[PDB]
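J.: Next comes the structure file input_15.tsv, holding TSV, C-alpha atoms.
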```
chain	number	residue	atom	x	y	z
D	21	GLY	CA	58.03	-21.05	21.95
D	22	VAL	CA	58.58	-18.04	19.71
D	23	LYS	CA	60.17	-18.22	16.23
D	24	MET	CA	60.56	-16.40	12.92
D	25	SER	CA	57.44	-16.45	10.81
D	26	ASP	CA	59.16	-17.59	7.61
D	27	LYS	CA	56.44	-15.47	5.94
D	28	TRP	CA	58.43	-15.52	2.74
D	29	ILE	CA	58.59	-19.30	2.57
D	30	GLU	CA	54.82	-19.52	2.94
D	31	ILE	CA	54.33	-16.78	0.35
D	32	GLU	CA	56.58	-18.48	-2.22
D	33	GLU	CA	54.60	-21.67	-1.60
D	34	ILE	CA	51.19	-20.12	-2.03
D	35	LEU	CA	52.23	-18.13	-5.10
D	36	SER	CA	53.60	-21.28	-6.69
D	37	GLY	CA	50.43	-23.17	-5.92
D	38	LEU	CA	48.33	-20.36	-7.41
D	39	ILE	CA	50.32	-20.44	-10.67
D	40	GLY	CA	49.88	-24.19	-11.03
D	41	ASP	CA	46.24	-24.46	-9.97
D	42	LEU	CA	45.02	-21.52	-12.10
D	43	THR	CA	47.03	-22.75	-15.08
D	44	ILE	CA	45.74	-26.31	-14.87
D	45	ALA	CA	42.07	-25.39	-14.35
D	46	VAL	CA	42.18	-23.31	-17.56
D	47	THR	CA	44.08	-26.03	-19.47
D	48	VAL	CA	41.67	-28.77	-18.43
D	49	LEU	CA	38.63	-26.65	-19.32
D	50	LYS	CA	40.05	-25.80	-22.72
D	51	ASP	CA	40.99	-29.44	-23.31
D	52	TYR	CA	37.39	-30.55	-22.78
D	53	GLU	CA	35.93	-27.64	-24.74
D	54	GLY	CA	38.05	-28.96	-27.60
D	55	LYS	CA	35.81	-32.04	-27.68
D	56	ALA	CA	32.90	-30.84	-29.82
D	57	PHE	CA	30.62	-33.78	-29.01
D	58	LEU	CA	30.44	-32.55	-25.40
D	59	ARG	CA	28.26	-29.64	-26.54
D	60	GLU	CA	25.47	-32.04	-27.53
D	61	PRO	CA	22.28	-32.17	-25.41
D	62	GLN	CA	22.83	-35.69	-24.04
D	63	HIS	CA	26.14	-34.47	-22.53
D	64	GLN	CA	24.93	-31.25	-20.94
D	65	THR	CA	25.13	-32.55	-17.38
D	66	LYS	CA	28.62	-33.90	-17.89
D	67	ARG	CA	29.75	-30.73	-19.63
D	68	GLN	CA	28.34	-28.60	-16.80
D	69	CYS	CA	30.17	-30.77	-14.29
D	70	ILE	CA	33.46	-30.07	-16.05
D	71	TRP	CA	32.75	-26.34	-15.99
D	72	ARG	CA	31.98	-26.41	-12.27
D	73	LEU	CA	35.12	-28.46	-11.58
D	74	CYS	CA	37.33	-25.89	-13.30
D	75	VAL	CA	35.44	-22.75	-12.43
D	76	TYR	CA	35.26	-23.58	-8.69
D	77	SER	CA	39.00	-24.05	-8.68
D	78	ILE	CA	39.57	-20.75	-10.52
D	79	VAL	CA	37.32	-18.83	-8.12
D	80	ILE	CA	38.86	-20.42	-5.03
D	81	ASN	CA	42.28	-19.38	-6.30
D	82	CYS	CA	41.34	-15.91	-7.46
D	83	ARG	CA	40.02	-15.23	-3.96
D	84	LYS	CA	43.20	-16.70	-2.45
D	85	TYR	CA	45.20	-14.22	-4.51
D	86	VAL	CA	43.22	-11.36	-3.03
D	87	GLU	CA	43.45	-12.80	0.49
D	88	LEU	CA	47.20	-13.12	0.12
D	89	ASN	CA	47.30	-9.46	-0.97
D	90	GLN	CA	45.24	-8.24	1.98
D	91	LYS	CA	47.48	-10.18	4.37
D	92	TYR	CA	50.85	-9.05	3.01
D	93	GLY	CA	51.34	-5.35	2.20
D	94	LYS	CA	54.84	-6.53	3.08
D	95	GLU	CA	55.38	-6.44	-0.68
D	100	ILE	CA	59.68	-5.78	-4.72
D	101	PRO	CA	57.40	-2.71	-4.83
D	102	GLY	CA	58.46	-2.26	-8.47
D	103	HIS	CA	55.29	-4.28	-9.17
D	104	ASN	CA	53.13	-2.71	-6.47
D	105	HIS	CA	50.73	-1.38	-9.12
D	106	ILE	CA	50.06	-4.24	-11.52
D	107	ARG	CA	49.35	-6.29	-8.41
D	108	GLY	CA	46.65	-3.94	-7.18
D	109	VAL	CA	45.13	-3.87	-10.66
D	110	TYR	CA	44.58	-7.61	-10.72
D	111	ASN	CA	43.54	-7.50	-7.09
D	112	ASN	CA	40.90	-4.95	-8.07
D	113	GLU	CA	39.56	-6.78	-11.11
D	114	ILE	CA	38.85	-9.80	-8.93
D	115	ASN	CA	36.90	-7.81	-6.34
D	116	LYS	CA	34.99	-6.02	-9.09
D	117	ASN	CA	33.83	-9.34	-10.51
D	118	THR	CA	31.47	-10.32	-7.70
D	119	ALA	CA	30.37	-13.57	-9.29
D	120	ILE	CA	33.84	-14.86	-8.31
D	121	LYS	CA	33.28	-14.45	-4.58
D	122	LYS	CA	29.67	-15.61	-4.87
D	123	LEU	CA	30.72	-18.82	-6.60
D	124	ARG	CA	33.63	-19.42	-4.21
D	125	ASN	CA	31.37	-18.95	-1.20
D	126	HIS	CA	28.73	-21.37	-2.44
D	127	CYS	CA	31.23	-24.01	-3.48
D	128	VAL	CA	33.06	-23.89	-0.19
D	129	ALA	CA	30.18	-23.35	2.27
D	130	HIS	CA	29.07	-25.97	4.77
D	131	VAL	CA	25.83	-27.73	3.78
D	132	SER	CA	24.11	-26.24	6.84
D	133	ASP	CA	25.23	-22.70	6.00
D	134	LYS	CA	22.59	-21.64	3.48
D	135	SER	CA	23.38	-17.91	3.59
D	136	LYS	CA	25.79	-18.49	0.70
D	137	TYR	CA	23.89	-21.18	-1.20
D	138	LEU	CA	23.27	-20.80	-4.92
D	139	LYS	CA	20.66	-22.97	-6.61
D	140	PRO	CA	21.85	-24.75	-9.77
D	141	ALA	CA	20.23	-22.21	-12.14
D	142	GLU	CA	21.81	-19.46	-10.04
D	143	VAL	CA	25.24	-21.10	-10.30
D	144	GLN	CA	24.76	-21.13	-14.08
D	145	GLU	CA	23.84	-17.43	-14.09
D	146	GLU	CA	26.82	-16.52	-11.91
D	147	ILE	CA	29.14	-18.30	-14.29
D	148	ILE	CA	27.85	-16.22	-17.20
D	149	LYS	CA	28.31	-13.02	-15.16
D	150	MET	CA	31.85	-14.04	-14.33
D	151	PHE	CA	32.76	-14.50	-17.99
D	152	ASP	CA	30.81	-11.38	-18.88
D	153	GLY	CA	28.80	-13.17	-21.53
D	154	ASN	CA	28.58	-16.41	-23.46
D	155	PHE	CA	32.26	-16.56	-24.44
D	156	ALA	CA	34.98	-17.76	-22.11
D	157	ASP	CA	38.01	-16.78	-24.21
D	158	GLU	CA	38.56	-13.32	-22.75
D	159	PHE	CA	38.43	-14.28	-19.09
D	160	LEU	CA	40.35	-17.52	-19.61
D	161	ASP	CA	43.09	-15.65	-21.52
D	162	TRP	CA	43.10	-13.11	-18.72
D	163	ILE	CA	43.77	-15.90	-16.21
D	164	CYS	CA	46.25	-17.82	-18.30
D	165	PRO	CA	46.76	-17.46	-22.10
D	166	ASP	CA	48.20	-20.26	-24.27
D	167	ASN	CA	51.98	-20.28	-24.57
D	168	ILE	CA	52.19	-17.85	-21.66
D	169	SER	CA	55.92	-17.84	-22.40
D	170	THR	CA	55.65	-15.43	-25.33
D	171	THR	CA	53.30	-13.12	-23.44
D	172	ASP	CA	53.48	-9.79	-21.67
D	173	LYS	CA	53.29	-11.16	-18.14
D	174	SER	CA	51.51	-7.98	-17.09
D	175	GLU	CA	48.64	-9.14	-19.25
D	176	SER	CA	47.48	-12.17	-17.25
D	177	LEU	CA	46.80	-13.11	-13.63
D	178	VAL	CA	49.16	-16.03	-13.79
D	179	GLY	CA	51.92	-13.97	-15.39
D	180	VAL	CA	51.56	-11.37	-12.66
D	181	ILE	CA	51.59	-14.04	-9.99
D	182	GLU	CA	54.76	-15.39	-11.61
D	183	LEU	CA	56.23	-11.85	-11.59
D	184	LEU	CA	55.87	-11.90	-7.81
D	185	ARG	CA	56.98	-15.47	-7.20
D	186	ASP	CA	60.21	-14.95	-9.17
D	187	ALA	CA	60.94	-11.75	-7.29
D	188	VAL	CA	60.26	-13.37	-3.92
D	189	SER	CA	62.79	-15.99	-4.89
D	190	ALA	CA	65.56	-13.68	-3.70
F	21	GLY	CA	7.61	-14.25	6.55
F	22	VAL	CA	7.41	-17.96	7.34
F	23	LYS	CA	7.30	-20.70	4.67
F	24	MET	CA	7.86	-24.41	4.05
F	25	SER	CA	11.50	-25.39	4.01
F	26	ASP	CA	11.34	-27.34	0.74
F	27	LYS	CA	14.06	-29.45	2.41
F	28	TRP	CA	13.45	-32.15	-0.16
F	29	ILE	CA	14.05	-29.87	-3.12
F	30	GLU	CA	17.38	-28.78	-1.66
F	31	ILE	CA	18.31	-32.38	-0.88
F	32	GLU	CA	17.52	-33.60	-4.41
F	33	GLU	CA	19.66	-30.72	-5.70
F	34	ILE	CA	22.64	-31.43	-3.50
F	35	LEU	CA	22.50	-35.18	-4.12
F	36	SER	CA	22.41	-34.58	-7.86
F	37	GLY	CA	25.34	-32.21	-7.65
F	38	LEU	CA	27.31	-34.76	-5.60
F	39	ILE	CA	26.73	-37.48	-8.21
F	40	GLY	CA	27.94	-35.25	-11.03
F	41	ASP	CA	30.90	-33.64	-9.28
F	42	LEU	CA	32.28	-36.90	-7.83
F	43	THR	CA	31.80	-38.68	-11.14
F	44	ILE	CA	33.52	-36.00	-13.19
F	45	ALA	CA	36.51	-35.55	-10.84
F	46	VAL	CA	37.23	-39.29	-11.12
F	47	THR	CA	36.71	-39.29	-14.91
F	48	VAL	CA	39.00	-36.32	-15.46
F	49	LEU	CA	41.72	-37.81	-13.25
F	50	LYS	CA	41.55	-41.14	-15.04
F	51	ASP	CA	41.57	-39.40	-18.42
F	52	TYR	CA	44.85	-37.63	-17.60
F	53	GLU	CA	46.38	-40.71	-15.98
F	54	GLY	CA	45.77	-42.36	-19.34
F	55	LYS	CA	48.38	-40.03	-20.83
F	56	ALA	CA	51.62	-41.88	-20.04
F	57	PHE	CA	53.92	-38.97	-20.92
F	58	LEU	CA	52.51	-37.05	-17.93
F	59	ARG	CA	54.40	-39.38	-15.59
F	60	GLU	CA	57.74	-38.07	-16.87
F	61	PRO	CA	59.87	-35.85	-14.60
F	62	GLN	CA	59.48	-32.65	-16.66
F	63	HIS	CA	55.69	-32.91	-16.16
F	64	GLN	CA	55.62	-33.59	-12.44
F	65	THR	CA	54.33	-30.15	-11.49
F	66	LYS	CA	51.58	-30.27	-14.08
F	67	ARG	CA	50.65	-33.81	-13.12
F	68	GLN	CA	50.49	-32.84	-9.44
F	69	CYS	CA	48.27	-29.90	-10.35
F	70	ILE	CA	45.81	-32.25	-12.04
F	71	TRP	CA	45.76	-34.49	-8.97
F	72	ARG	CA	45.09	-31.54	-6.67
F	73	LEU	CA	42.34	-30.26	-8.98
F	74	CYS	CA	40.51	-33.59	-8.86
F	75	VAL	CA	41.34	-34.64	-5.33
F	76	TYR	CA	40.26	-31.29	-3.80
F	77	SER	CA	36.93	-31.65	-5.55
F	78	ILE	CA	36.52	-35.25	-4.33
F	79	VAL	CA	37.32	-34.31	-0.73
F	80	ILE	CA	35.04	-31.26	-0.77
F	81	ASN	CA	32.22	-33.48	-1.99
F	82	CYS	CA	32.90	-36.42	0.29
F	83	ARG	CA	32.66	-34.02	3.24
F	84	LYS	CA	29.46	-32.52	1.79
F	85	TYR	CA	27.97	-36.00	1.74
F	86	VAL	CA	28.71	-36.40	5.43
F	87	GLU	CA	27.44	-32.90	6.23
F	88	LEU	CA	24.22	-33.64	4.39
F	89	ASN	CA	23.88	-36.83	6.46
F	90	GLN	CA	24.43	-35.06	9.77
F	91	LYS	CA	21.85	-32.43	8.82
F	92	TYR	CA	19.08	-34.77	7.64
F	93	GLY	CA	18.29	-37.85	9.75
F	94	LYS	CA	14.98	-37.06	8.05
F	95	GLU	CA	15.89	-40.01	5.84
F	100	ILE	CA	13.37	-44.20	2.46
F	101	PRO	CA	14.93	-45.86	5.54
F	102	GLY	CA	15.25	-49.04	3.46
F	103	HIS	CA	18.77	-47.69	2.75
F	104	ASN	CA	19.43	-46.31	6.23
F	105	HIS	CA	22.37	-48.71	6.64
F	106	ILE	CA	24.40	-48.52	3.44
F	107	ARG	CA	24.24	-44.77	3.91
F	108	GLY	CA	25.82	-44.89	7.35
F	109	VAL	CA	28.48	-47.24	6.04
F	110	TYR	CA	29.68	-44.78	3.43
F	111	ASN	CA	29.25	-41.97	5.93
F	112	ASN	CA	31.56	-43.87	8.26
F	113	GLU	CA	34.24	-44.71	5.72
F	114	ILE	CA	34.62	-41.01	4.95
F	115	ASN	CA	35.06	-40.02	8.60
F	116	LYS	CA	37.51	-42.87	9.12
F	117	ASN	CA	39.69	-41.58	6.30
F	118	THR	CA	40.96	-38.44	8.02
F	119	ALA	CA	43.14	-37.32	5.13
F	120	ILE	CA	39.85	-36.38	3.42
F	121	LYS	CA	38.88	-33.78	6.00
F	122	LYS	CA	42.48	-32.60	6.34
F	123	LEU	CA	42.75	-32.00	2.59
F	124	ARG	CA	39.32	-30.36	2.38
F	125	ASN	CA	40.16	-28.02	5.25
F	126	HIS	CA	43.46	-26.91	3.76
F	127	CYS	CA	42.05	-26.43	0.28
F	128	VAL	CA	39.13	-24.39	1.51
F	129	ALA	CA	40.72	-22.39	4.36
F	130	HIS	CA	41.27	-18.65	4.21
F	131	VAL	CA	44.90	-17.66	3.57
F	132	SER	CA	45.06	-16.05	7.03
F	133	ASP	CA	43.72	-19.16	8.76
F	134	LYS	CA	46.87	-21.24	9.14
F	135	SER	CA	45.45	-23.70	11.67
F	136	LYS	CA	44.45	-25.91	8.73
F	137	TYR	CA	47.37	-25.24	6.40
F	138	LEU	CA	49.26	-28.15	4.85
F	139	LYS	CA	52.65	-27.53	3.28
F	140	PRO	CA	53.07	-28.94	-0.25
F	141	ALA	CA	54.98	-32.05	0.93
F	142	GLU	CA	52.26	-32.55	3.54
F	143	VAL	CA	49.53	-32.30	0.90
F	144	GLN	CA	51.39	-35.00	-1.05
F	145	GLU	CA	51.57	-37.22	2.04
F	146	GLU	CA	47.88	-36.73	2.81
F	147	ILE	CA	46.97	-37.77	-0.70
F	148	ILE	CA	48.87	-41.04	-0.29
F	149	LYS	CA	47.12	-41.67	3.05
F	150	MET	CA	43.76	-41.03	1.42
F	151	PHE	CA	44.39	-43.61	-1.28
F	152	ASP	CA	45.94	-45.94	1.27
F	153	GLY	CA	49.09	-46.39	-0.78
F	154	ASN	CA	50.58	-45.69	-4.18
F	155	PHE	CA	47.64	-46.99	-6.21
F	156	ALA	CA	44.50	-44.97	-6.83
F	157	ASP	CA	42.36	-47.70	-8.40
F	158	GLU	CA	40.69	-48.95	-5.22
F	159	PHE	CA	39.61	-45.59	-3.86
F	160	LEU	CA	38.63	-44.22	-7.28
F	161	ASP	CA	36.52	-47.34	-7.97
F	162	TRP	CA	35.00	-46.90	-4.53
F	163	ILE	CA	33.96	-43.36	-5.46
F	164	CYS	CA	32.83	-44.11	-8.98
F	165	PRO	CA	33.72	-47.26	-11.01
F	166	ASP	CA	33.73	-47.32	-14.84
F	167	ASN	CA	30.40	-48.20	-16.43
F	168	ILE	CA	28.69	-47.65	-13.09
F	169	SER	CA	25.57	-48.87	-14.89
F	170	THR	CA	26.48	-52.55	-14.63
F	171	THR	CA	27.50	-52.22	-10.99
F	172	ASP	CA	26.07	-53.09	-7.60
F	173	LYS	CA	25.17	-49.55	-6.59
F	174	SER	CA	25.83	-50.51	-2.96
F	175	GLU	CA	29.46	-50.84	-3.96
F	176	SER	CA	30.31	-47.20	-4.66
F	177	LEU	CA	29.74	-43.79	-3.09
F	178	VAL	CA	28.17	-42.44	-6.23
F	179	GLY	CA	25.89	-45.45	-6.63
F	180	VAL	CA	24.73	-45.03	-3.04
F	181	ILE	CA	24.18	-41.34	-3.56
F	182	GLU	CA	22.14	-42.24	-6.65
F	183	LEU	CA	20.17	-44.77	-4.56
F	184	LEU	CA	19.09	-41.87	-2.36
F	185	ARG	CA	18.48	-39.31	-5.09
F	186	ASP	CA	16.19	-41.68	-7.01
F	187	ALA	CA	14.25	-42.48	-3.86
F	188	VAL	CA	13.90	-38.81	-2.94
F	189	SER	CA	12.43	-38.30	-6.37
F	190	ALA	CA	9.05	-39.40	-5.03
```
Reformat the file's structure so that it appears as structure tokens.
T.:
Amino acid sequence: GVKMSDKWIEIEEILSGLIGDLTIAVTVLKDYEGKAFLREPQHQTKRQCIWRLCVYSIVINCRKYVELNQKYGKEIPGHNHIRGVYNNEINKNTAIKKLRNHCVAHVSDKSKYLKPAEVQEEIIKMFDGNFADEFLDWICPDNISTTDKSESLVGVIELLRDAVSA
Amino acid sequence: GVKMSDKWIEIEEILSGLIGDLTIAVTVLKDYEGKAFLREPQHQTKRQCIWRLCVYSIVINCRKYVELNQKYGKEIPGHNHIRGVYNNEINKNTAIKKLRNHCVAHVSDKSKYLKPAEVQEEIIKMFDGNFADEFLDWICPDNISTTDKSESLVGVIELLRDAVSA
């Protein structure tokens, strides 16, 4: 029959998942980047596989954050602005959607397919160069505790979760 | 205009990606499981996030293996059987598709949505219990080199890749 949507339950859930998945993808990636030997030529394949593992998860979740936004203008408005800012950054960075789409597409759906060299290019575009620090810190900085939560995606997503918990 | 499909190029690519992504997801998961402190209560969230990271990737790739199979009966037939066996195991294990679908679905598409407790249940179903060893070893065993390649998903996928390289 009919019922209440419990929108807010679903939203708290999704927000919480976003915080954890984005945080862990960054942490894992940084952990492995801390192993210098992985930058050697005989480990390139393995290293690339780690990057895809973490990057695919980041892009899937960045898009989810946008999709949540476009579904729920039912949002607390004291943060209405910072939220749109992060929403906008993600759309601006088109490598994100491109990577998500490829990673998630059905094998038969080749309209979204990126060849391996293309995936590599898209990853460089996403990070805006050869250095991951900026983008990673923008997703989730180390010791996010002592951090202006306006200054990272995960902090902003936490700003919303905590508000919704009320 | 019209051209050759270069099916075989695409297939070599996808197979190669499958080998690397399945292998790394298992390796990462095992690496973190080797850190005993992560099983403590204050780390449950983080530990769960690691499991989702790796499990989502495994399920996405297991399904891709099936989808590749259903798209290309153009396949070497000396391995025609082992391939269908692994294809069948994956379909049999319905938690795999369920998890894939949830992880990949659009936020607005709630026909596939699993609540957090449901995701946890599905993960236990996938592993057929509280111990990951069997399923993980079935995906990709340690030192896969000294291993009957018929005895793991990744070995079988390597059996095909290597053949296709010809």
J.: Might you pull out every residue within 9 Å of residue 69 (chain D), with only C-alpha atoms counted and same-chain residues fewer than 2 positions away left off, and present them as an MDAnalysis selection string?
T.: (chainID D and resid 64:67 71:74) or (chainID F and resid 37 40:41 43:45)
J.: Hey, could you lay chain F over chain D with a least-squares C-alpha fit (all atoms, paired in order) and save it as a CSV table (one decimal) with C-alpha atoms, keeping the file's coordinate frame?
T.:
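Output saved as result.csv:
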```
chain,number,residue,atom,x,y,z
F,21,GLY,CA,58.0,-21.1,21.9
F,22,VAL,CA,58.6,-18.0,19.7
F,23,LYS,CA,60.2,-18.2,16.2
F,24,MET,CA,60.6,-16.4,12.9
F,25,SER,CA,57.4,-16.4,10.8
F,26,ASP,CA,59.2,-17.6,7.6
F,27,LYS,CA,56.4,-15.5,5.9
F,28,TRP,CA,58.4,-15.5,2.7
F,29,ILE,CA,58.6,-19.3,2.6
F,30,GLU,CA,54.8,-19.5,2.9
F,31,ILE,CA,54.3,-16.8,0.3
F,32,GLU,CA,56.6,-18.5,-2.2
F,33,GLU,CA,54.6,-21.7,-1.6
F,34,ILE,CA,51.2,-20.1,-2.0
F,35,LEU,CA,52.2,-18.1,-5.1
F,36,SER,CA,53.6,-21.3,-6.7
F,37,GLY,CA,50.4,-23.2,-5.9
F,38,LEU,CA,48.3,-20.4,-7.4
F,39,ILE,CA,50.3,-20.4,-10.7
F,40,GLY,CA,49.9,-24.2,-11.0
F,41,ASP,CA,46.2,-24.5,-10.0
F,42,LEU,CA,45.0,-21.5,-12.1
F,43,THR,CA,47.0,-22.7,-15.1
F,44,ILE,CA,45.7,-26.3,-14.9
F,45,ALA,CA,42.1,-25.4,-14.4
F,46,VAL,CA,42.2,-23.3,-17.6
F,47,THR,CA,44.1,-26.0,-19.5
F,48,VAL,CA,41.7,-28.8,-18.4
F,49,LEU,CA,38.6,-26.7,-19.3
F,50,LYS,CA,40.1,-25.8,-22.7
F,51,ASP,CA,41.0,-29.4,-23.3
F,52,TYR,CA,37.4,-30.6,-22.8
F,53,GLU,CA,35.9,-27.6,-24.7
F,54,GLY,CA,38.0,-29.0,-27.6
F,55,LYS,CA,35.8,-32.0,-27.7
F,56,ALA,CA,32.9,-30.8,-29.8
F,57,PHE,CA,30.6,-33.8,-29.0
F,58,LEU,CA,30.4,-32.5,-25.4
F,59,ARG,CA,28.3,-29.6,-26.5
F,60,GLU,CA,25.5,-32.0,-27.5
F,61,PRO,CA,22.3,-32.2,-25.4
F,62,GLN,CA,22.8,-35.7,-24.0
F,63,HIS,CA,26.1,-34.5,-22.5
F,64,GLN,CA,24.9,-31.3,-20.9
F,65,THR,CA,25.1,-32.5,-17.4
F,66,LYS,CA,28.6,-33.9,-17.9
F,67,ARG,CA,29.7,-30.7,-19.6
F,68,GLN,CA,28.3,-28.6,-16.8
F,69,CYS,CA,30.2,-30.8,-14.3
F,70,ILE,CA,33.5,-30.1,-16.1
F,71,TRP,CA,32.8,-26.3,-16.0
F,72,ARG,CA,32.0,-26.4,-12.3
F,73,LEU,CA,35.1,-28.5,-11.6
F,74,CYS,CA,37.3,-25.9,-13.3
F,75,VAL,CA,35.4,-22.7,-12.4
F,76,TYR,CA,35.3,-23.6,-8.7
F,77,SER,CA,39.0,-24.1,-8.7
F,78,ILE,CA,39.6,-20.7,-10.5
F,79,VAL,CA,37.3,-18.8,-8.1
F,80,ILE,CA,38.9,-20.4,-5.0
F,81,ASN,CA,42.3,-19.4,-6.3
F,82,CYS,CA,41.3,-15.9,-7.5
F,83,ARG,CA,40.0,-15.2,-4.0
F,84,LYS,CA,43.2,-16.7,-2.5
F,85,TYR,CA,45.2,-14.2,-4.5
F,86,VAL,CA,43.2,-11.4,-3.0
F,87,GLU,CA,43.4,-12.8,0.5
F,88,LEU,CA,47.2,-13.1,0.1
F,89,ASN,CA,47.3,-9.5,-1.0
F,90,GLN,CA,45.2,-8.2,2.0
F,91,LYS,CA,47.5,-10.2,4.4
F,92,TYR,CA,50.9,-9.1,3.0
F,93,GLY,CA,51.3,-5.4,2.2
F,94,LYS,CA,54.8,-6.5,3.1
F,95,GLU,CA,55.4,-6.4,-0.7
F,100,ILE,CA,59.7,-5.8,-4.7
F,101,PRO,CA,57.4,-2.7,-4.8
F,102,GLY,CA,58.5,-2.3,-8.5
F,103,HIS,CA,55.3,-4.3,-9.2
F,104,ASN,CA,53.1,-2.7,-6.5
F,105,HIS,CA,50.7,-1.4,-9.1
F,106,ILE,CA,50.1,-4.2,-11.5
F,107,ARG,CA,49.4,-6.3,-8.4
F,108,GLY,CA,46.6,-3.9,-7.2
F,109,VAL,CA,45.1,-3.9,-10.7
F,110,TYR,CA,44.6,-7.6,-10.7
F,111,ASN,CA,43.5,-7.5,-7.1
F,112,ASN,CA,40.9,-4.9,-8.1
F,113,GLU,CA,39.6,-6.8,-11.1
F,114,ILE,CA,38.8,-9.8,-8.9
F,115,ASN,CA,36.9,-7.8,-6.3
F,116,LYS,CA,35.0,-6.0,-9.1
F,117,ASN,CA,33.8,-9.3,-10.5
F,118,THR,CA,31.5,-10.3,-7.7
F,119,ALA,CA,30.4,-13.6,-9.3
F,120,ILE,CA,33.8,-14.9,-8.3
F,121,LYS,CA,33.3,-14.4,-4.6
F,122,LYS,CA,29.7,-15.6,-4.9
F,123,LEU,CA,30.7,-18.8,-6.6
F,124,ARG,CA,33.6,-19.4,-4.2
F,125,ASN,CA,31.4,-19.0,-1.2
F,126,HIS,CA,28.7,-21.4,-2.4
F,127,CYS,CA,31.2,-24.0,-3.5
F,128,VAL,CA,33.1,-23.9,-0.2
F,129,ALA,CA,30.2,-23.3,2.3
F,130,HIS,CA,29.1,-26.0,4.8
F,131,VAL,CA,25.8,-27.7,3.8
F,132,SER,CA,24.1,-26.2,6.8
F,133,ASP,CA,25.2,-22.7,6.0
F,134,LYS,CA,22.6,-21.6,3.5
F,135,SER,CA,23.4,-17.9,3.6
F,136,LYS,CA,25.8,-18.5,0.7
F,137,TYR,CA,23.9,-21.2,-1.2
F,138,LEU,CA,23.3,-20.8,-4.9
F,139,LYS,CA,20.7,-23.0,-6.6
F,140,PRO,CA,21.9,-24.8,-9.8
F,141,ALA,CA,20.2,-22.2,-12.1
F,142,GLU,CA,21.8,-19.5,-10.0
F,143,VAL,CA,25.2,-21.1,-10.3
F,144,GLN,CA,24.8,-21.1,-14.1
F,145,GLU,CA,23.8,-17.4,-14.1
F,146,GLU,CA,26.8,-16.5,-11.9
F,147,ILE,CA,29.1,-18.3,-14.3
F,148,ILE,CA,27.9,-16.2,-17.2
F,149,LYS,CA,28.3,-13.0,-15.2
F,150,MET,CA,31.9,-14.0,-14.3
F,151,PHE,CA,32.8,-14.5,-18.0
F,152,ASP,CA,30.8,-11.4,-18.9
F,153,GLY,CA,28.8,-13.2,-21.5
F,154,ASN,CA,28.6,-16.4,-23.5
F,155,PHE,CA,32.3,-16.6,-24.4
F,156,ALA,CA,35.0,-17.8,-22.1
F,157,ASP,CA,38.0,-16.8,-24.2
F,158,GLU,CA,38.6,-13.3,-22.8
F,159,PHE,CA,38.4,-14.3,-19.1
F,160,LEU,CA,40.4,-17.5,-19.6
F,161,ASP,CA,43.1,-15.6,-21.5
F,162,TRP,CA,43.1,-13.1,-18.7
F,163,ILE,CA,43.8,-15.9,-16.2
F,164,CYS,CA,46.2,-17.8,-18.3
F,165,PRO,CA,46.8,-17.5,-22.1
F,166,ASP,CA,48.2,-20.3,-24.3
F,167,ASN,CA,52.0,-20.3,-24.6
F,168,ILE,CA,52.2,-17.8,-21.7
F,169,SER,CA,55.9,-17.8,-22.4
F,170,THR,CA,55.7,-15.4,-25.3
F,171,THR,CA,53.3,-13.1,-23.4
F,172,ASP,CA,53.5,-9.8,-21.7
F,173,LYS,CA,53.3,-11.2,-18.1
F,174,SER,CA,51.5,-8.0,-17.1
F,175,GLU,CA,48.6,-9.1,-19.2
F,176,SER,CA,47.5,-12.2,-17.3
F,177,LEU,CA,46.8,-13.1,-13.6
F,178,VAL,CA,49.2,-16.0,-13.8
F,179,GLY,CA,51.9,-14.0,-15.4
F,180,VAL,CA,51.6,-11.4,-12.6
F,181,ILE,CA,51.6,-14.0,-10.0
F,182,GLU,CA,54.8,-15.4,-11.6
F,183,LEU,CA,56.2,-11.9,-11.6
F,184,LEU,CA,55.9,-11.9,-7.8
F,185,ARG,CA,57.0,-15.5,-7.2
F,186,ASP,CA,60.2,-15.0,-9.2
F,187,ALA,CA,60.9,-11.7,-7.3
F,188,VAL,CA,60.3,-13.4,-3.9
F,189,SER,CA,62.8,-16.0,-4.9
F,190,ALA,CA,65.6,-13.7,-3.7
```
J.: May I have the residues within 12 Å of residue 181 (chain F) as JSON, numbers by chain, using only C-alpha atoms and disregarding those fewer than 2 positions away in the same chain?
T.: {"F": [31, 32, 33, 34, 35, 36, 37, 38, 39, 40, 41, 42, 43, 81, 82, 84, 85, 86, 88, 89, 103, 104, 106, 107, 108, 110, 111, 163, 164, 173, 174, 175, 176, 177, 178, 179, 183, 184, 185, 186, 187, 188]}
J.: Can you work out the spacing between CA of residue 127 (chain D) and CA of residue 135 (chain F) in Å, to one decimal?
T.: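 Between CA of residue 127 (chain D) and CA of residue 135 (chain F) the gap is 20.8 Å.
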J.: Measure the distance from CA of residue 138 (chain F) to CA of residue 126 (chain F) in Å and round it to one decimal.
T.: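 Spanning CA of residue 138 (chain F) to CA of residue 126 (chain F) is a straight-line distance of 6.0 Å.
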J.: I'd like to know which of F:180, F:190, F:75, F:128 is closest to residue 147 (chain F), using all atoms listed in the file.
T.: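 Among F:180, F:190, F:75, F:128, it is F:75 that comes nearest to residue 147 (chain F).
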J.: Between F:130, F:62, F:79, F:51, which residue has the minimum interatomic distance to chain D, considering only C-alpha atoms?
T.: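 Nearest to chain D: F:130.
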J.: Restricting the calculation to all atoms listed in the file, which member of F:57, F:140, F:46, F:24 is positioned closest to residue 162 (chain F)?
T.: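 Answer, going by the shortest atom-to-atom distance: F:46.
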J.: Quick one: pull the distance between CA of residue 122 (chain F) and CA of residue 143 (chain F), Å, one decimal.
T.: 8.9 Å
